[PDB]
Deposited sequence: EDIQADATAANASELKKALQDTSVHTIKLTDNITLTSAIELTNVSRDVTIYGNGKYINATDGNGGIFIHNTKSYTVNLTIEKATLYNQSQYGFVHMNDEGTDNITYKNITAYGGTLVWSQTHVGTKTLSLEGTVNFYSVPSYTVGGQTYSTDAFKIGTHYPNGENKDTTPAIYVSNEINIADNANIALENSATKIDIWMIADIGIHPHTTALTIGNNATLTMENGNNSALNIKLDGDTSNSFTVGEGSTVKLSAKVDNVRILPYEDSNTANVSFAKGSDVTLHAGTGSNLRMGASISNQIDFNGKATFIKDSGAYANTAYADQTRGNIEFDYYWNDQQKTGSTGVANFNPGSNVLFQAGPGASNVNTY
């Protein structure tokens, strides 16, 4: 049954006012919205959900659609559901700065942009959680409302992310997540190296969920984890993951030393990784690199440098693979390649 939203928004001004009002916890879009300026949140804590109501929001500003920049005592729990989100900004539709705790949730969202979600990586705790059907399109441009808009992407010495979130990316139970990349080099890039937040990265997939990032025609890397202290990539029970990339599917090589790295696939999961010239799993944490297999896994390799010897590469000295009941692992590679190698 139904409930009344705290505000409605039919344009940019009403959306801004509702989002900046601390008394407003729910916002229903009553029309498609074009944001010509980023809606800023600063010196403020907010718990708020935007009910998209099948509408779109097209953010055309250089800072994004929603630009959060709080100091360390503020917390923003921002949810956007049932909407299409477009953004031109190199800092994504949701743009997160500074030491505030920012917890973004997308549910039933279709998103277009170059860089689609972006957070600073040297300051506060930044998380992105994904529910229901979420379809990310990293594109060079998009067309909406009769007009065409070029995207932009955050750059680091020739390298660009589609999703750039520091500490956590969570995919909920039963979610179905897809990212189709035709504009950026790394699908998912998480850095957590210095700052008040834990220096930790985790891409966590829940149960009966799917993640599909079939970008072997475009992306260099599907997942890059750069957590100073620890790095985890975990797939829950009965979940299905399919990743393809030109170089590595999962790259965990933190600049730094004194780090751990963990990859775990739970019972009933089905994981397929396809790499072109690099590795399905390239792990170089200094303390330990651990893979826990509980399910079905298929690693495919066609043939820090962009080429490798092996499906799994421990480029940072020393690896451990655990095989528990339910485990069923197959490595496929071309002539002269190895399946597990150390560097």
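- [ ] Report the unmodelled segments of the deposited sequence as residue ranges counted from 1.
- [x] No C-alpha coordinates exist for 158-166, 313-328.
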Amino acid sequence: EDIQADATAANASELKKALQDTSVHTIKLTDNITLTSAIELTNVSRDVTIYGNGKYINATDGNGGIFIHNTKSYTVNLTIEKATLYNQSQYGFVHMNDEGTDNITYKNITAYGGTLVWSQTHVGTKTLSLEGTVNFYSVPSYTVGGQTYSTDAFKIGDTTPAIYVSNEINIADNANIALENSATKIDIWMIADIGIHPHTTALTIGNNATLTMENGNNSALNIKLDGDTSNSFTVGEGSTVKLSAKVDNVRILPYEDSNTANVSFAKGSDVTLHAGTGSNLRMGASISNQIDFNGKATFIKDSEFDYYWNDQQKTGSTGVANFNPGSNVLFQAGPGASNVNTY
From here on, numbers count along this sequence of modelled residues.
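Open item on the list: Regarding 250-258 and 235-243, which shows the higher C-alpha temperature factor on average in the entry?
Closed with: That would be 250-258.
Task: Mean Cα B-factor comparison, 1-9 or 333-341, giving the higher one as deposited - done: Stretch with the higher mean C-alpha B-factor: 1-9.
Task: Residue with maximal Cα B-factor (values as given in the PDB entry) among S264, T71, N167, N108 - done: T71 has the highest C-alpha B-factor of those listed.
Task: Selection from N176, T200, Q120, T127 [criterion: highest C-alpha temperature factor in the record] - done: Across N176, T200, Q120, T127, the entry lists the biggest C-alpha B-factor for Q120.
Open item on the list: Going by the CA temperature factor in the PDB record, which third of the chain does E180 belong to: lowest, middle or highest?
Closed with: Tercile = middle for this residue's CA B-factor.
Open item on the list: Where does the C-alpha B-factor of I171 rank in its chain, lowest, middle or highest third?
Closed with: It belongs to the lowest third of the chain when residues are ordered by C-alpha B-factor.
- [ ] Please place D47 in the lowest, middle or highest third of its chain by C-alpha B factor as given in the entry.
- [x] Its C-alpha B-factor, which the entry lists for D47, ranks in the middle third among residues of this chain.
Open item on the list: Per the entry's values, where does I194 land by CA temperature factor relative to the rest of its chain, in the lowest, middle or highest third?
Closed with: Highest third of the chain for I194's C-alpha B-factor.
Task: Third of the chain, ranked by Cα B-factor, where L35 sits - done: Highest third of the chain for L35's C-alpha B-factor.
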